[PDB]
>>> print(open('protein.tsv').read())   # TSV, C-alpha atoms and all ligand atoms
chain	number	residue	atom	x	y	z
A	1	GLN	CA	93.33	-28.76	-330.76
A	2	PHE	CA	96.89	-28.51	-329.44
A	3	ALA	CA	97.73	-26.98	-326.07
A	4	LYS	CA	101.42	-26.49	-326.96
A	5	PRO	CA	103.58	-26.90	-330.08
A	6	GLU	CA	104.78	-30.26	-328.70
A	7	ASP	CA	101.24	-31.56	-328.97
A	8	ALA	CA	101.02	-30.63	-332.66
A	9	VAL	CA	104.39	-32.29	-333.24
A	10	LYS	CA	103.22	-35.52	-331.52
A	11	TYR	CA	100.03	-35.50	-333.54
A	12	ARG	CA	101.65	-35.04	-336.93
A	13	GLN	CA	104.38	-37.60	-336.19
A	14	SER	CA	101.69	-40.12	-335.23
A	15	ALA	CA	99.63	-39.33	-338.33
A	16	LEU	CA	102.65	-39.68	-340.61
A	17	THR	CA	103.63	-42.98	-338.89
A	18	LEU	CA	100.14	-44.38	-339.63
A	19	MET	CA	100.27	-43.15	-343.23
A	20	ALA	CA	103.63	-44.74	-343.71
A	21	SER	CA	102.26	-48.11	-342.46
A	22	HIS	CA	99.15	-47.98	-344.66
A	23	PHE	CA	101.21	-47.02	-347.67
A	24	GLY	CA	104.22	-49.30	-347.08
A	25	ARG	CA	102.22	-52.41	-346.26
A	26	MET	CA	101.14	-52.48	-349.93
A	27	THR	CA	104.69	-52.71	-351.25
A	28	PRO	CA	104.66	-56.59	-351.44
A	29	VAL	CA	101.31	-56.46	-353.25
A	30	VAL	CA	102.59	-53.93	-355.82
A	31	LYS	CA	105.65	-56.13	-356.36
A	32	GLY	CA	103.62	-59.32	-356.68
A	33	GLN	CA	105.33	-60.87	-353.64
A	34	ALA	CA	101.94	-60.97	-351.91
A	35	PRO	CA	98.58	-61.68	-353.54
A	36	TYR	CA	96.32	-58.90	-354.88
A	37	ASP	CA	92.86	-58.90	-353.28
A	38	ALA	CA	91.03	-55.97	-354.80
A	39	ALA	CA	88.61	-55.56	-351.87
A	40	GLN	CA	91.41	-55.62	-349.28
A	41	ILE	CA	93.39	-52.98	-351.17
A	42	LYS	CA	90.29	-50.80	-351.77
A	43	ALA	CA	89.60	-50.77	-348.03
A	44	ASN	CA	93.23	-50.07	-347.18
A	45	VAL	CA	93.54	-47.17	-349.60
A	46	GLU	CA	90.34	-45.71	-348.08
A	47	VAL	CA	92.06	-45.70	-344.68
A	48	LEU	CA	95.15	-44.12	-346.32
A	49	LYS	CA	93.02	-41.39	-347.92
A	50	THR	CA	91.61	-40.44	-344.54
A	51	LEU	CA	95.01	-40.49	-342.88
A	52	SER	CA	96.71	-38.53	-345.70
A	53	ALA	CA	94.45	-35.51	-345.04
A	54	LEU	CA	95.42	-35.30	-341.34
A	55	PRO	CA	99.03	-34.19	-340.87
A	56	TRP	CA	98.82	-30.74	-342.45
A	57	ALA	CA	96.55	-29.08	-339.87
A	58	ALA	CA	99.19	-29.99	-337.25
A	59	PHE	CA	101.79	-27.77	-338.93
A	60	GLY	CA	99.96	-24.59	-337.79
A	61	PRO	CA	101.94	-21.41	-337.38
A	62	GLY	CA	104.36	-21.45	-334.49
A	63	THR	CA	104.50	-25.31	-334.30
A	64	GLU	CA	108.18	-25.50	-335.20
A	65	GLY	CA	109.61	-28.69	-333.75
A	66	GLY	CA	110.39	-32.32	-334.37
A	67	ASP	CA	112.09	-32.91	-337.72
A	68	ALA	CA	110.05	-30.21	-339.49
A	69	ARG	CA	112.18	-27.73	-341.45
A	70	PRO	CA	111.41	-24.03	-340.89
A	71	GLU	CA	110.82	-23.58	-344.64
A	72	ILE	CA	107.32	-25.04	-344.05
A	73	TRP	CA	106.36	-21.69	-342.53
A	74	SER	CA	108.40	-19.15	-344.47
A	75	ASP	CA	106.56	-20.02	-347.73
A	76	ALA	CA	103.14	-21.25	-346.76
A	77	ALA	CA	101.87	-21.40	-350.36
A	78	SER	CA	104.66	-23.71	-351.48
A	79	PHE	CA	104.15	-26.14	-348.57
A	80	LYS	CA	100.43	-26.16	-349.26
A	81	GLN	CA	101.10	-26.98	-352.93
A	82	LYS	CA	103.22	-29.99	-351.89
A	83	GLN	CA	100.62	-31.43	-349.50
A	84	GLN	CA	97.76	-30.80	-351.93
A	85	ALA	CA	99.72	-32.37	-354.77
A	86	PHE	CA	100.46	-35.37	-352.53
A	87	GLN	CA	96.78	-35.74	-351.68
A	88	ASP	CA	95.95	-35.68	-355.39
A	89	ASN	CA	98.50	-38.49	-355.94
A	90	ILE	CA	96.54	-40.39	-353.27
A	91	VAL	CA	93.38	-39.66	-355.31
A	92	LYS	CA	94.95	-41.48	-358.29
A	93	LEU	CA	95.78	-44.40	-355.99
A	94	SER	CA	92.17	-44.41	-354.69
A	95	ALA	CA	90.80	-44.43	-358.23
A	96	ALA	CA	93.05	-47.38	-359.11
A	97	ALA	CA	92.09	-49.28	-355.97
A	98	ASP	CA	88.37	-48.58	-356.48
A	99	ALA	CA	88.66	-49.86	-360.08
A	100	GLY	CA	90.50	-53.04	-359.03
A	101	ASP	CA	93.19	-52.12	-361.56
A	102	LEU	CA	96.56	-53.54	-360.51
A	103	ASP	CA	98.46	-51.77	-363.29
A	104	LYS	CA	97.04	-48.41	-362.32
A	105	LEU	CA	97.70	-49.25	-358.67
A	106	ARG	CA	101.42	-49.93	-359.36
A	107	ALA	CA	101.82	-46.70	-361.32
A	108	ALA	CA	100.00	-44.61	-358.74
A	109	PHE	CA	101.91	-46.22	-355.92
A	110	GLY	CA	105.20	-45.15	-357.50
A	111	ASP	CA	103.97	-41.58	-357.96
A	112	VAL	CA	102.75	-41.39	-354.37
A	113	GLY	CA	106.12	-42.57	-353.12
A	114	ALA	CA	107.88	-39.94	-355.20
A	115	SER	CA	105.59	-37.29	-353.68
A	116	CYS	CA	106.47	-38.40	-350.15
A	117	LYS	CA	110.14	-37.98	-351.03
A	118	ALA	CA	109.64	-34.61	-352.82
A	119	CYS	CA	108.20	-33.20	-349.62
A	120	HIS	CA	110.90	-34.71	-347.39
A	121	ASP	CA	113.63	-33.26	-349.63
A	122	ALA	CA	112.31	-29.73	-349.11
A	123	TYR	CA	110.75	-29.92	-345.65
A	124	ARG	CA	112.10	-32.70	-343.41
A	125	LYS	CA	115.38	-32.40	-341.46
A	126	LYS	CA	117.98	-35.17	-341.59
A	127	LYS	CA	117.70	-37.60	-338.65
B	1	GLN	CA	102.20	-55.40	-341.74
B	2	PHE	CA	104.70	-55.35	-338.88
B	3	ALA	CA	108.25	-56.67	-339.21
B	4	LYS	CA	108.75	-56.96	-335.43
B	5	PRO	CA	106.56	-56.55	-332.33
B	6	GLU	CA	108.05	-53.06	-331.84
B	7	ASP	CA	106.47	-52.00	-335.11
B	8	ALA	CA	103.01	-53.12	-333.97
B	9	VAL	CA	103.55	-51.27	-330.70
B	10	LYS	CA	104.53	-48.04	-332.54
B	11	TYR	CA	101.52	-48.37	-334.80
B	12	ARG	CA	98.95	-48.87	-332.06
B	13	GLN	CA	100.44	-46.11	-329.89
B	14	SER	CA	100.23	-43.72	-332.86
B	15	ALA	CA	96.66	-44.79	-333.65
B	16	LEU	CA	95.57	-44.34	-330.03
B	17	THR	CA	97.31	-40.91	-329.88
B	18	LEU	CA	95.30	-39.78	-332.94
B	19	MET	CA	92.05	-41.15	-331.49
B	20	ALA	CA	92.69	-39.38	-328.25
B	21	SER	CA	93.16	-36.05	-330.13
B	22	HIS	CA	90.02	-36.48	-332.24
B	23	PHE	CA	87.99	-37.44	-329.21
B	24	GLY	CA	89.45	-34.95	-326.71
B	25	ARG	CA	89.32	-31.93	-329.01
B	26	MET	CA	85.50	-32.10	-328.72
B	27	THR	CA	85.50	-31.70	-324.94
B	28	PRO	CA	85.06	-27.85	-325.09
B	29	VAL	CA	82.20	-28.27	-327.56
B	30	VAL	CA	80.41	-30.82	-325.34
B	31	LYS	CA	80.85	-28.46	-322.39
B	32	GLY	CA	79.62	-25.42	-324.32
B	33	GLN	CA	82.96	-23.63	-323.86
B	34	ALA	CA	83.38	-23.67	-327.66
B	35	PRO	CA	80.63	-23.26	-330.24
B	36	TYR	CA	78.77	-26.23	-331.76
B	37	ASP	CA	79.04	-26.39	-335.55
B	38	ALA	CA	77.18	-29.50	-336.59
B	39	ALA	CA	79.08	-29.93	-339.87
B	40	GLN	CA	82.48	-29.58	-338.17
B	41	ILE	CA	81.59	-32.16	-335.54
B	42	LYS	CA	80.07	-34.56	-338.12
B	43	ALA	CA	83.33	-34.47	-340.09
B	44	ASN	CA	85.45	-34.89	-336.97
B	45	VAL	CA	83.49	-37.87	-335.70
B	46	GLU	CA	83.87	-39.47	-339.16
B	47	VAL	CA	87.65	-39.22	-338.75
B	48	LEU	CA	87.31	-40.66	-335.22
B	49	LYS	CA	85.25	-43.59	-336.51
B	50	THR	CA	87.97	-44.48	-338.99
B	51	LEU	CA	90.71	-44.13	-336.40
B	52	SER	CA	88.80	-46.11	-333.73
B	53	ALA	CA	88.82	-49.24	-335.94
B	54	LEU	CA	92.62	-49.21	-336.34
B	55	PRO	CA	94.41	-50.07	-333.08
B	56	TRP	CA	93.08	-53.59	-332.55
B	57	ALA	CA	94.80	-55.28	-335.52
B	58	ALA	CA	98.11	-54.08	-334.03
B	59	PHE	CA	97.61	-56.20	-330.90
B	60	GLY	CA	98.24	-59.43	-332.87
B	61	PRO	CA	99.52	-62.46	-331.02
B	62	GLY	CA	103.07	-62.13	-329.78
B	63	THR	CA	103.05	-58.26	-329.90
B	64	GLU	CA	103.49	-57.87	-326.15
B	65	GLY	CA	105.13	-54.54	-325.48
B	66	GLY	CA	104.59	-50.90	-324.69
B	67	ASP	CA	102.03	-50.35	-321.95
B	68	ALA	CA	99.83	-53.25	-323.09
B	69	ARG	CA	98.91	-55.67	-320.30
B	70	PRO	CA	99.40	-59.39	-321.05
B	71	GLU	CA	95.72	-60.04	-320.25
B	72	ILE	CA	94.95	-58.79	-323.79
B	73	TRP	CA	96.25	-62.12	-325.08
B	74	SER	CA	95.32	-64.61	-322.37
B	75	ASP	CA	91.58	-64.01	-322.98
B	76	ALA	CA	91.19	-62.97	-326.57
B	77	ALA	CA	87.38	-63.06	-326.48
B	78	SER	CA	87.17	-60.62	-323.59
B	79	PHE	CA	89.55	-58.11	-325.20
B	80	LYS	CA	87.58	-58.36	-328.44
B	81	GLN	CA	84.35	-57.66	-326.54
B	82	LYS	CA	85.87	-54.47	-325.07
B	83	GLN	CA	87.09	-53.10	-328.41
B	84	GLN	CA	83.85	-54.03	-330.19
B	85	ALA	CA	81.79	-52.46	-327.42
B	86	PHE	CA	83.95	-49.32	-327.66
B	87	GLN	CA	83.42	-49.15	-331.42
B	88	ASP	CA	79.67	-49.44	-330.87
B	89	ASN	CA	79.87	-46.49	-328.42
B	90	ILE	CA	81.55	-44.61	-331.29
B	91	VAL	CA	78.58	-45.63	-333.48
B	92	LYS	CA	76.23	-43.85	-331.04
B	93	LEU	CA	78.48	-40.78	-331.21
B	94	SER	CA	78.43	-40.95	-335.04
B	95	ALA	CA	74.64	-41.18	-335.07
B	96	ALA	CA	74.41	-38.13	-332.79
B	97	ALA	CA	76.89	-36.15	-334.89
B	98	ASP	CA	75.15	-37.11	-338.15
B	99	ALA	CA	71.81	-35.98	-336.66
B	100	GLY	CA	73.23	-32.65	-335.45
B	101	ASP	CA	71.87	-33.50	-332.00
B	102	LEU	CA	73.94	-31.82	-329.30
B	103	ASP	CA	72.12	-33.58	-326.45
B	104	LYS	CA	72.75	-36.99	-327.97
B	105	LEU	CA	76.34	-35.94	-328.68
B	106	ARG	CA	76.95	-35.05	-325.00
B	107	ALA	CA	75.48	-38.33	-323.78
B	108	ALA	CA	77.38	-40.42	-326.31
B	109	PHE	CA	80.59	-38.56	-325.60
B	110	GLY	CA	80.33	-39.48	-321.91
B	111	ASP	CA	79.71	-43.15	-322.74
B	112	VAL	CA	82.64	-43.25	-325.15
B	113	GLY	CA	84.91	-41.80	-322.49
B	114	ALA	CA	83.76	-44.40	-319.99
B	115	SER	CA	84.55	-47.12	-322.55
B	116	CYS	CA	88.08	-45.80	-323.03
B	117	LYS	CA	88.58	-46.02	-319.27
B	118	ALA	CA	86.95	-49.49	-318.96
B	119	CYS	CA	89.52	-50.85	-321.36
B	120	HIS	CA	92.45	-49.06	-319.70
B	121	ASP	CA	91.42	-50.44	-316.30
B	122	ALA	CA	91.67	-54.02	-317.55
B	123	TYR	CA	94.34	-53.77	-320.25
B	124	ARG	CA	96.73	-50.81	-319.91
B	125	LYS	CA	99.72	-50.81	-317.52
B	126	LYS	CA	100.33	-47.88	-315.17
B	127	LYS	CA	102.82	-45.35	-316.58
A	201	LIG	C1	104.81	-32.78	-346.85
A	201	LIG	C2	103.78	-32.35	-347.85
A	201	LIG	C3	104.96	-34.28	-346.64
A	201	LIG	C4	104.47	-35.34	-347.36
A	201	LIG	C5	103.68	-35.35	-348.65
A	201	LIG	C6	104.88	-36.46	-346.63
A	201	LIG	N1	105.60	-36.19	-345.54
A	201	LIG	FE1	106.62	-37.53	-344.35
A	201	LIG	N2	107.06	-35.96	-343.14
A	201	LIG	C7	107.02	-34.61	-343.39
A	201	LIG	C8	107.60	-33.84	-342.41
A	201	LIG	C9	107.75	-32.33	-342.45
A	201	LIG	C10	107.99	-34.70	-341.41
A	201	LIG	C11	108.57	-34.32	-340.08
A	201	LIG	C12	107.45	-34.09	-339.05
A	201	LIG	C13	107.99	-33.66	-337.70
A	201	LIG	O1	107.49	-32.63	-337.19
A	201	LIG	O2	108.91	-34.33	-337.17
A	201	LIG	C14	107.67	-35.96	-341.94
A	201	LIG	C15	107.95	-37.20	-341.20
A	201	LIG	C16	107.58	-38.55	-341.62
A	201	LIG	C17	107.79	-39.68	-340.81
A	201	LIG	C18	108.32	-39.73	-339.41
A	201	LIG	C19	107.18	-39.61	-338.40
A	201	LIG	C20	107.64	-39.76	-336.97
A	201	LIG	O3	107.38	-40.83	-336.39
A	201	LIG	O4	108.26	-38.84	-336.41
A	201	LIG	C21	107.37	-40.74	-341.57
A	201	LIG	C22	107.38	-42.22	-341.24
A	201	LIG	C23	106.94	-40.19	-342.76
A	201	LIG	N3	107.03	-38.82	-342.82
A	201	LIG	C24	106.49	-40.95	-343.89
A	201	LIG	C25	105.86	-40.43	-345.09
A	201	LIG	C26	105.35	-41.22	-346.13
A	201	LIG	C27	105.52	-42.72	-346.29
A	201	LIG	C28	104.75	-40.31	-346.98
A	201	LIG	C29	103.94	-40.53	-348.21
A	201	LIG	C30	102.98	-41.71	-348.18
A	201	LIG	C31	105.02	-39.05	-346.43
A	201	LIG	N4	105.69	-39.09	-345.27
A	201	LIG	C32	104.55	-37.80	-347.07
A	201	LIG	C33	106.35	-34.11	-344.57
A	201	LIG	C34	105.64	-34.83	-345.59
A	202	LIG	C1	90.95	-51.37	-325.50
A	202	LIG	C2	89.68	-51.91	-326.09
A	202	LIG	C3	91.10	-49.85	-325.50
A	202	LIG	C4	90.18	-48.86	-325.75
A	202	LIG	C5	88.70	-48.96	-326.03
A	202	LIG	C6	90.94	-47.67	-325.68
A	202	LIG	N1	92.23	-47.85	-325.37
A	202	LIG	FE1	93.61	-46.40	-324.91
A	202	LIG	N2	95.00	-47.88	-324.85
A	202	LIG	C7	94.83	-49.24	-324.74
A	202	LIG	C8	96.01	-49.93	-324.51
A	202	LIG	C9	96.12	-51.42	-324.29
A	202	LIG	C10	97.02	-49.00	-324.54
A	202	LIG	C11	98.49	-49.27	-324.45
A	202	LIG	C12	99.07	-49.54	-325.85
A	202	LIG	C13	100.55	-49.87	-325.81
A	202	LIG	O1	100.92	-50.91	-326.41
A	202	LIG	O2	101.33	-49.12	-325.17
A	202	LIG	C14	96.34	-47.78	-324.71
A	202	LIG	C15	97.04	-46.50	-324.77
A	202	LIG	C16	96.43	-45.20	-325.02
A	202	LIG	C17	97.19	-44.02	-325.16
A	202	LIG	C18	98.68	-43.88	-325.17
A	202	LIG	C19	99.22	-44.02	-326.59
A	202	LIG	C20	100.72	-43.78	-326.67
A	202	LIG	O3	101.10	-42.70	-327.16
A	202	LIG	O4	101.51	-44.63	-326.25
A	202	LIG	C21	96.26	-43.03	-325.33
A	202	LIG	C22	96.47	-41.54	-325.51
A	202	LIG	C23	95.03	-43.66	-325.29
A	202	LIG	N3	95.10	-45.01	-325.12
A	202	LIG	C24	93.77	-42.97	-325.34
A	202	LIG	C25	92.46	-43.58	-325.48
A	202	LIG	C26	91.26	-42.88	-325.63
A	202	LIG	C27	91.07	-41.38	-325.48
A	202	LIG	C28	90.32	-43.86	-325.85
A	202	LIG	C29	88.87	-43.76	-326.18
A	202	LIG	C30	88.48	-42.64	-327.14
A	202	LIG	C31	91.01	-45.08	-325.74
A	202	LIG	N4	92.32	-44.94	-325.51
A	202	LIG	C32	90.33	-46.38	-325.89
A	202	LIG	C33	93.53	-49.84	-324.92
A	202	LIG	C34	92.29	-49.20	-325.26
>>> encode(input="protein.tsv", output="structure tokens", more="lines below")
Ligand code: HEC
Ligand code: HEC
Amino acid sequence: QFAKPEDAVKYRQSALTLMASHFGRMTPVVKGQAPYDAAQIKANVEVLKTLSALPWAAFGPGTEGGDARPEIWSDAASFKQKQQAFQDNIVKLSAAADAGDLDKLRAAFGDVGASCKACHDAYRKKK
Amino acid sequence: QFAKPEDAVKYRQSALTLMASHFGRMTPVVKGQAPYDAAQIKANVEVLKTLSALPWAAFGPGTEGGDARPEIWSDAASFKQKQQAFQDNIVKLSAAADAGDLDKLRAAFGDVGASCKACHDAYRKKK
């Protein structure tokens, strides 16, 4: 769906921005600094699940650019493993949210965050 | 979820960028320039439905900025009508996509596009 590589870059950056907001906005809830409404969090994690599937199709071959490291494309299998593993961490978060289980939500939230970082460490350039 | 107005602006701009891609990428299909796979389009319109609910919460009071016109906030009811009407145009598109009905999809697509423009005409500043 992208006319030029720049369009893929803009898409993925926008998708990742939205994911970051839907993930990060739960930090106060996880920490107990904001109240835990199970229905609110269930709905939010549903949005996050949808968003978390979107960036990867915008790293198609030849869409080098932005702050993407070239290693994304020189080992396609390894990058795919990282995004699929991340999406499975989101599945654990979804299961916790759907169950209304705050303890599971906290644990899953931590693992999701670690998975964001694991990918950045291998595949995102320094600012 | 926004620390400053700038954060709301970045969010809504990213959400609208993603909506524009999920909408616009169907243009060749509507026009018959690309093939019509009912399952592909059903899935895509599902993503669009989710995305099309997201921008409006990022136009909270006091989040003037970007290319948003101030009229968004001086008549809250009218802006709400436009976004709710737009989301109902997306509902027609969803129903068409879910039915696998290309004729309904074309018609709904046109009405959705008109609704994007109707809002821009009232509420988006010139570049
Ligand atoms: C690879 C499997 C990734 C996972 C998992 C996550 N991110 Fe990441 N992110 C990745 C790359 C390669 C990039 C650079 C994209 C580019 O082309 O520039 C990023 C970037 C971000 C950004 C910046 C977006 C922007 O506005 O330019 C944010 C805010 C971001 N990523 C956040 C984020 C969070 C919170 C994640 C887990 C919930 C996460 N990312 C996962 C690669 C990957
Ligand atoms: C109000 C009810 C709107 C509807 C319906 C749509 N859009 Fe719009 N859009 C609106 C505003 C007020 C703005 C400016 C936001 C800001 O603060 O700057 C926009 C902007 C866009 C953009 C630019 C995003 C960016 O990267 O900065 C795009 C690409 C965009 N809008 C596309 C778009 C499409 C295709 C729509 C229907 C499917 C659509 N918008 C609806 C307000 C409204």
>>> residues_near_ligand(input="protein.tsv", ligand="ligand LIG 201 (chain A)", cutoff="8 Å", atoms="only C-alpha atoms and all ligand atoms", output="PyMOL selection string")
chain A and resi 9-10+12-21+23-24+52+56+59+64-69+72+79-87+112-113+115-120+123-125
>>> closest_residue(input="protein.tsv", among="A:35, A:4, A:40, A:47", to="chain B", atoms="only C-alpha atoms")
A:47
>>> residues_around(input="protein.tsv", residues="residue 93 of chain B", least_positions_apart="3", cutoff="9 Å", atoms="all atoms listed in the file", output="PyMOL selection string")
chain B and resi 45+88-90+96-98+104-109+111-112
>>> closest_residue(input="protein.tsv", among="B:54, B:39, B:99, B:29", to="ligand LIG 202 (chain A)", atoms="only C-alpha atoms and all ligand atoms")
B:54
>>> axis_aligned_box(input="protein.tsv", around="ligand LIG 202 (chain A)", padding_each_side="8 Å", output="JSON")
{"center_x": 95.0, "center_y": -46.6, "center_z": -325.7, "size_x": 29.0, "size_y": 26.5, "size_z": 18.9}
>>> closest_residue(input="protein.tsv", among="B:92, B:126, B:49, B:31", to="chain A", atoms="only C-alpha atoms")
B:49
>>> closest_residue(input="protein.tsv", among="A:1, A:11, A:78, A:6", to="ligand LIG 202 (chain A)", atoms="all atoms listed in the file")
A:11
>>> atom_distance(input="protein.tsv", atom1="atom CA of residue 43 of chain A", atom2="atom CA of residue 94 of chain A")
9.6 Å
>>> atom_distance(input="protein.tsv", atom1="atom CA of residue 127 of chain A", atom2="atom CA of residue 110 of chain A")
23.8 Å
>>> atom_distance(input="protein.tsv", atom1="atom CA of residue 44 of chain A", atom2="atom CA of residue 102 of chain A")
14.2 Å
>>> closest_residue(input="protein.tsv", among="A:2, A:74, A:41, A:7", to="residue 25 of chain B", atoms="all atoms listed in the file")
A:2
>>> closest_residue(input="protein.tsv", among="A:114, A:48, A:30, A:38", to="chain B", atoms="only C-alpha atoms")
A:48
